[PDB]
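Below: the structure, in structure tokens.
Cβ sites come from the backbone with ideal geometry, for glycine too, and all protein chains shown count toward neighbours. The numbers here are math on the coordinates, done by the rules we state, and not lab data.
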Amino acid sequence: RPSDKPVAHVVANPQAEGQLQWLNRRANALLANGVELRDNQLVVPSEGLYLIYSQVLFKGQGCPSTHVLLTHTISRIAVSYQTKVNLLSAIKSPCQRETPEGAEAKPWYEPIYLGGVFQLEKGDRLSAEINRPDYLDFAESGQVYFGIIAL
Amino acid sequence: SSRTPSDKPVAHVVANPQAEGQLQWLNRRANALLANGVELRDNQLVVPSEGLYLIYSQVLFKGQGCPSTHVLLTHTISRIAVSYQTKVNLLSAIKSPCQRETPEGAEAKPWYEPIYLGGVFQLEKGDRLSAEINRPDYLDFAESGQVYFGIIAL
Amino acid sequence: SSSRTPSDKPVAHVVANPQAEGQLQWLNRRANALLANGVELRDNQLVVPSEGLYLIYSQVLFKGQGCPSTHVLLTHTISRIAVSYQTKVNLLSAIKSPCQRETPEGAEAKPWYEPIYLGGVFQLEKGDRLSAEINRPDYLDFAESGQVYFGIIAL
Amino acid sequence: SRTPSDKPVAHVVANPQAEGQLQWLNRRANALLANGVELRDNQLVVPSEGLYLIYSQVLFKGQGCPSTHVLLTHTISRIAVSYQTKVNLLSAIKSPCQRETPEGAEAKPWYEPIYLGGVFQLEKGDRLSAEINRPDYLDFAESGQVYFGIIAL
Amino acid sequence: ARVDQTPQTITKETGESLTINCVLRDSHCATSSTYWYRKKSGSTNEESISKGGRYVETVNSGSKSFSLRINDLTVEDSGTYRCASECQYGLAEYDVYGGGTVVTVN
Amino acid sequence: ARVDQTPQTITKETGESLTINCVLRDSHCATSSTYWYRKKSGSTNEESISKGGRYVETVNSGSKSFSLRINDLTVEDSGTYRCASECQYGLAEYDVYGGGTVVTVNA
Amino acid sequence: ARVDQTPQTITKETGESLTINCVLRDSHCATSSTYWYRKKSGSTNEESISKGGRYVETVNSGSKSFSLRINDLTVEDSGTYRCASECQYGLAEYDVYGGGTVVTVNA
Amino acid sequence: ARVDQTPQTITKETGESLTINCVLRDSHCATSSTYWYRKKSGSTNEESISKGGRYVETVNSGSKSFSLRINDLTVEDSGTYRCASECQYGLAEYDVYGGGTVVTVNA
Amino acid sequence: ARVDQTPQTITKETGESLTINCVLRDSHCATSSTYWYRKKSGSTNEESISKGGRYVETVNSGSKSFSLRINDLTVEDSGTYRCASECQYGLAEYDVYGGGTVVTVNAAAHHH
Amino acid sequence: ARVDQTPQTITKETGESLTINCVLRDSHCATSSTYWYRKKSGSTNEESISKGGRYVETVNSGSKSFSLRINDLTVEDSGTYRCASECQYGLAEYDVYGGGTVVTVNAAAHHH
């Protein structure tokens, strides 16, 4: 057994160690009815109301003393305005103390989720990105993802 | 009188507040829904028809101090399909509940950490989704919409 | 500019005002924000224009610096006061402790960041008043864009 | 300037940045595509009936001779509106490796070029295409090492 | 008193959709054997609704509650609807019923 | 950004021809509904610039650019001048802003 | 595991013949449009095995299984050999993989 | 060598302004259809820079040279910047490119 | 492929009648200059079939196909039969061919 | 049934393209001399539709079928349409007809 409308749910590639790359040909992932996967960018195939969401899980085995800043932003470049602008963004500081040091063991995990409804046009290229792709944990399944759905 | 006719299988279930330390999903409460075919068997939602769904759930964890540092908080949505009869995770998240300082003396520190999951997936007839947590002893269903779980036929 | 898509489904996506000070004043006339098809923004509250199933979501970004009371609780709730039951009730809620006891006594500079996201599907009626709320409007980080927002969409 | 050429012409060059494939480019210095010749999907579309000169060159380079015995081929095909099947106009075969996989020695890259040219009567809408069997040995490193073009005589 | 059918009387117009809810109060009856019966005004037959299509059934075993939404209502859907369940504990086996009437105006 | 106020931080004489040009980049905004706002030096209130007399605006509908020439420049005209436009596409309606400062010296 | 390679880690000196079996567990994957890959001494990358040749492929759609008999066994390379299939149901399109190690010595 | 990017490797500090100049050496290319493309360090895609605001373009046709002054430099502005132009003589149409890298450290 | 013979291999018996049909695929070839050739089994020279008497030729111009019915079949008419056509567009003149083999078996074999 | 007009009753809206197809069953009629007649609703005129512009005519001799595509449909293009063909064998010369009616509704013209 029909279809629906423009939809996408892409997940990071686990066999891309230390990089963020969205894949569509993988278990329980979608990219159909016109949405294109360019250079880690989703191309909106129709003008309308869309739901954009993404989650990233950051994991580290130690806390540095630089006050780590983890960022996650979903960006949009439109045909009408040819500049990268943030639609959804969030920042988080995972390590509060002064590094593990005395007891060197800091297996920390911190997730961030983003979601919202937007009006997008033909040819708009959306991109979900993070500032420190060295703490990405694509070890298990559906812990890092990014998708859109035409409402 | 139910004056509003509406369709598309939908569900928004909330934890049972009067269920000690366990995650029992309810639909017969205030602003919670379970209609148009979605069944709740054993804290598991049964998809009533094949199509595209939006799946979401949040869990809020609260504890009255961190005694040990051996605690990992998880929140996962799993799926058992007719085509592939093994439970696979659709959405997953992990969170460190106690950053550090493990309360040594004069603990008296209630800690709160939320986790939210959401995404779009294709489900088939008979698919059984379940929202699960690692330590149901940290559930804070005392307030209102702090823990919930639902699907909606888009 | 002429548009080629007659879209409907009552929708709203409002983002916080940065020019505002220590308050969560919602705007609709800023860049990637929407408020159309009957939804009005009254008293920082979204008024549902039609019955049906809606998707409610909101995000808040909290940022501070140093822990004065050592035990701060950050709250974020979306409430609904309906024509059928005229009391403000929580639909989605979350609590978060940003500072876990230890407060650096003597040293300086330690801005903390803790975000909170909420989302769910609900049955709303005509005239229902939805509200996005926080407990400490002095820790709001409405810098940059799309860090705090609030919206509904008719599914 | 004065360019009253007015004649169907095309001289396309291989993409240096496109790897392991033969994608034809025309917006490159000393390459042309004008006066009716259109380039669709790696195919040249003849704009007018007449006598044409069709030519193409490919340069193959590999960094050793494996034991597969590669048979490098190069053919220009023509699919006509009158006869909707691909027929070869010009073809050539070349065997570059007649020795065993170098046992102790290595390196020794082999280079083999192939050139094709001829005069034909083509019709409007005929689609000519230049193709090779092993596009992983294409050496488009320098300038004008792989090319393909027609000119209305 | 063992099963509580809540909408005891509904009056809807042709085309709409009625939902009937039943809640189990005996913890020995199982939500795995729920049954639905209609008796059309003027007939002497209790017919059994088949679970599928115009008749959608939603069950939650945690609350021991099940529902029956009927769409595309005609005037041929005017009659008394009952829900049913199969109970079994020790050596005991029994069944449970309720009550509720439907009328559709054209 | 979506609007480009070009003559930033100009410092001239108590003269004139204080033209500030703004370039529209968002193809949803129209040069017909243009607005200008000034905020003096040291003050906490943004006033609405009215056109006519000292504040003349030249519109270029072709170039999607508008300018604001300030003549007979005085010393009370020291402040941050901003340009604005009202944009509208499908169901979206918003407005856009820029930035640009003037300082006036006297004889 | 969606795909089950039965014959895995083994050390077969050059010269042998035995089929490596992969069984499909996802009923959306097809016994057709299947491809095979073997490693490169387990050091660099996996190779893309071509059609027929020194490699044997057994396909039966009834049993939803495909196999790889190691014929004409010379010293090509060692490593983990994977099988793969193209799966697609309705709006979904995905693929599945395998894995299994062979080590070859010589006389 | 058909357009010459002069600043090959430049390293400026956060908060500065770098100008990259390109000189046309092919007398068929025009300073009118000039375009700019940047490739952010770590990505394999060249994106297209827009002309306006923080990216100001100065063109002088006499020497057939154009420049690209970029202000308010962050640490996100590290990459390979290339310039381009559209050349057209008679029956020929082509475009030309260059090369030059920027790295910005914080302060 | 230009020109497609439909009856590839036929095995009729002595005293019958076979028709072999050919279909043109090139829009430059005409059904007006059609020719037929037979090659008697056991010899190499391809003879030109003359259309008359036992060899009758039919044509259908709509689909650009022609056929050749052979009546009064004997046992000496076993061979490889080909059809041919003359194509001509601008500065070009060529011809096209096909293929189809005949085996005709005889009688007697009165099993006693 | 001597040419068969296939779309008997069609109903299109203002702004469209309707195709009317006729296939010849009489092996004497030729696809070369084809004519079309439309009769505007309420009058009996059966004026002759011309081949050009809004009326494009597609002819295919292989399947012996012709069509008449009408684009940019208005409400003044509603009527009974017939197809025709000219047949000729020995001493006989005749023509053949069909039938098919169109009804066009407007677009309601939503006033702001």
The stretch I:46-98: trypsin sites (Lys or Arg not before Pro) in DSSP coil with no more than 15 other Cβ atoms inside 10 Å
I:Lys51, I:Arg54
About its Cα centre, the stretch J:7-91 carries a charge dipole, from +1 on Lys and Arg Cβ atoms and -1 on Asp and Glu Cβ atoms, whose size in debye to the nearest 20 is 160 debye
Applying 1/(1 + (r/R0)^6) with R0 = 56 Å to the Cβ-Cβ distance of J:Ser27 and C:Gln19, what FRET efficiency is obtained, to the nearest 0.05?
0.10
May I ask you to list the trypsin sites (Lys or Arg not before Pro) in the stretch H:1-91 that are in a DSSP loop and have at most 16 other Cβ atoms within 10 Å of their Cβ?
H:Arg2, H:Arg25, H:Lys51, H:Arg54
Treating only the Cβ atoms of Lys and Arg (+1) and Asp and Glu (-1) as charged, compute the dipole magnitude of the protein assembly as shown about its Cα centre; round to the nearest 20 debye.
720 debye
Which residues among the stretch E:1-17 fall inside the zone where the amide N is under 12 Å from a point 7 Å beyond the Cα of E:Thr74, along Cα→Cβ?
E:15
Listed here are the pairs A:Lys122/H:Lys64; E:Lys39/E:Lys64; I:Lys40/I:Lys64; which of them are more than 32 Å apart at the Cα?
A:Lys122/H:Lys64
Quick one: Karplus J couplings for the stretch E:9-17, per residue in order, coefficients 6.51, -1.76, 1.60, θ = phi - 60°, nearest Hz, x for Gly and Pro?
9, 10, 9, 10, 9, 3, x, 6, 7
State which entries of A:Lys84/C:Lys88; C:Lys9/C:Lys88; A:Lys84/C:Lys110 exceed 32 angstrom in Cα-Cα distance in the structure shown.
A:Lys84/C:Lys88
At a threshold of 8 angstrom on Cα-Cα distance, excluding pairs fewer than six apart, so keeping six or more, what relative contact order does chain H reach in percent?
37 percent
Tell me the Kirkwood hydrodynamic radius of the stretch E:53-106 in angstroms, computed as one over the mean inverse distance between distinct C-alpha pairs.
13.5 Å
If all Cα-Cα distances of the stretch C:34-128 are sorted into 10 Å bins from 0 onward, what percent lands in each bin, rounded to whole numbers?
13, 36, 23, 17, 9, 1
How high is the relative contact order of the stretch C:34-155, in percent, with contacts defined as C-alpha pairs under 8 Å that are six or more residues apart?
43 percent
Quick one: divide the alpha-carbon radius of gyration of the stretch E:1-99 by 2.2 N^0.38 Å and tell me what you get.
1.10
Kindly provide the chymotrypsin sites (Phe, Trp or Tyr not before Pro) of the stretch C:1-96 that DSSP labels as loop, not H, G, I, E or B, and whose Cβ sees at most 16 other Cβ atoms within 10 Å.
C:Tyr85
Distance from the stretch J:40-58 to the stretch E:1-45 (C-alpha centre basis), Å:
63 Å
Which whole-angstrom value gives the distance between the alpha carbon centres of the stretch D:98-124 and the stretch B:48-82?
60 Å
Search the structure for amide H atoms under 5 Å from the amide H of B:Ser6, placed 1.01 Å from N in the peptide plane, and list their residues when 5 or more places away or on another chain.
none
Restricting to Cα pairs below 8 Å that are 6+ residues apart, what does the relative contact order work out to for the stretch C:12-78? Please round to a whole percent.
20 percent
1/(1 + (r/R0)^6) with r = Cβ-Cβ of I:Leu91 and H:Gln8, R0 = 60 Å, i.e. FRET efficiency to nearest 0.05, evaluates to 0.60
Quick one: check the C-alpha center-to-center distance for the stretch H:1-40 versus the stretch D:12-29, whole angstrom.
24 Å
Output wanted: per-residue J couplings in Hz (rounded whole) for the stretch A:76-84, from phi through Karplus 6.51 cos²θ - 1.76 cosθ + 1.60, θ = phi - 60°, x for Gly and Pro.
9, 10, 9, 5, 6, 9, 7, 10, 5
Would you order B:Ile55, D:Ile93 from fewest to most other beta-carbon atoms within 10 Å of each residue's own beta-carbon?
D:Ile93, B:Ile55
Relative exposure of A:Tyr53, H:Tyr37, D:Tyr83, judged by other C-beta atoms within 10 Å (fewest first)
H:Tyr37, D:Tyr83, A:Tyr53
Positive end of the charge dipole of the protein assembly as shown (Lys, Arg +1 and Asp, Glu -1 on Cβ, about the Cα centre): tell me which of I:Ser48, B:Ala19, A:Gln15 has its Cα farthest that way.
I:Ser48
Given the options I:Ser61, I:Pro7, I:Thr80, identify the residue whose Cα lies farthest towards the positive end of the charge dipole of the stretch I:1-80 (+1 on Cβ of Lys, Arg; -1 on Cβ of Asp, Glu).
I:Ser61
Zone of H:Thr31's modelled label, taken as backbone nitrogen in the stretch H:52-69 under 14 Å from a point 7 Å along Cα→Cβ
H:57-68
